[PDB]
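Peer 1:
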Amino acid sequence: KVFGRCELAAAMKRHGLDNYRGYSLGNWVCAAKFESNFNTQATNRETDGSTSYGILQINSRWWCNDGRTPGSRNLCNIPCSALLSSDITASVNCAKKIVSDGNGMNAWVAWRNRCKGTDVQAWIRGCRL
Ligand SMILES: [Cl-]
Ligand SMILES: [Cl-]
Ligand SMILES: [Cl-]
Ligand SMILES: [Cl-]
Ligand SMILES: [Cl-]
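Letter by letter, the sequence shown follows residues 1 to 129 in the authors' numbering.
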């Protein structure tokens, strides 16, 4: 599923991400835009041979199991393929664990490089929320 910007904002808000660990909704929408282009089916191999999955590009090195990332963990207790669903529940729940892990949203490289410090509120402008 390719989410609309506001559609995703509304879903993320419903799931409790707005100001979760102090991160306003626009941060999460911005992260999803640059991680997956709002596409739940997005998969990308990373430099370390791990793979990132879904709307928020949850990564197989620590967070989900894909059966092909050596030495990895599965801290969200989920197959990575289950993070490609049109239903964002599993990704959101895993994201809540990640963002509570100590380094906040810096865990998402694309957030650090493209969203952090920017006018992220622009990402929810126009949305009925
Ligand atoms: Cl957009
Ligand atoms: Cl915001
Ligand atoms: Cl593995
Ligand atoms: Cl599995
Ligand atoms: Cl933080």
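Positions of the beta carbon are idealized from the N, C-alpha and C atoms, including for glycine.
Within 10 angstroms of its Cβ, does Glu7 collect 16 or more other Cβ (buried), or is it exposed?
Peer 2: The residue in question, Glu7, is exposed, as its Cβ has fewer than 16 Cβ neighbours within 10 Å.
Peer 1: Less than 8 Å between the beta carbons of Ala122 and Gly26, yes or no?
Peer 2: Yes, they are a contact pair.
Peer 1: Flag this pair as touching only if the region 37-44 and the region 73-88 have three or more C-beta atom pairs under 8 Å; answer yes or no.
Peer 2: Touching, yes.
Peer 1: Give me the Cα-Cα distance between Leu17 and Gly71, rounded to the nearest whole angstrom.
Peer 2: For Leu17 and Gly71, the distance between alpha carbons rounds to 30 Å.
Peer 1: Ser52 lies in the beta strand (DSSP E); which residues open and close that run?
Peer 2: Here the beta strand (DSSP E) through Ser52 covers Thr51 to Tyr53.
Peer 1: Name all residues in chain order for which at least one heavy atom of ligand 3 lies closer than 7 Å to the residue's CB.
Peer 2: Any residue whose Cβ sits closer than 7 Å to a heavy atom of ligand 3 makes the list: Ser60, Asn65, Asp66, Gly67, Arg68, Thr69, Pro70 and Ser72.
Peer 1: What are the start and end residues of the alpha helix (DSSP H) that includes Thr89?
Peer 2: First-last of the alpha helix (DSSP H) with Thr89: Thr89 to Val99.
Peer 1: Going by alpha carbons, who is nearest to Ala31 out of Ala110, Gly126, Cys94 and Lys96?
Peer 2: Answer by Cα proximity: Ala110.
Peer 1: If we call anything under 8 Å between Cβ atoms a contact, is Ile55 one with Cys64?
Peer 2: No, they are not a contact pair.
Peer 1: What are the boundary residues of the beta strand (DSSP E) that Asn106 is part of?
Peer 2: Segment: none, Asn106 is in no beta strand (DSSP E) and carries neither H nor E.
Peer 1: Answer yes or no: the CB of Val120 versus the heavy atoms of ligand 2, is any distance below 7 Å?
Peer 2: It does: the Cβ of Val120 is within 7 Å (strictly closer) of some heavy atom of ligand 2.
Peer 1: Determine which residues share a DSSP beta bridge with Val2 and list them.
Peer 2: In the DSSP output, where bridge partners are listed per residue, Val2 has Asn39.
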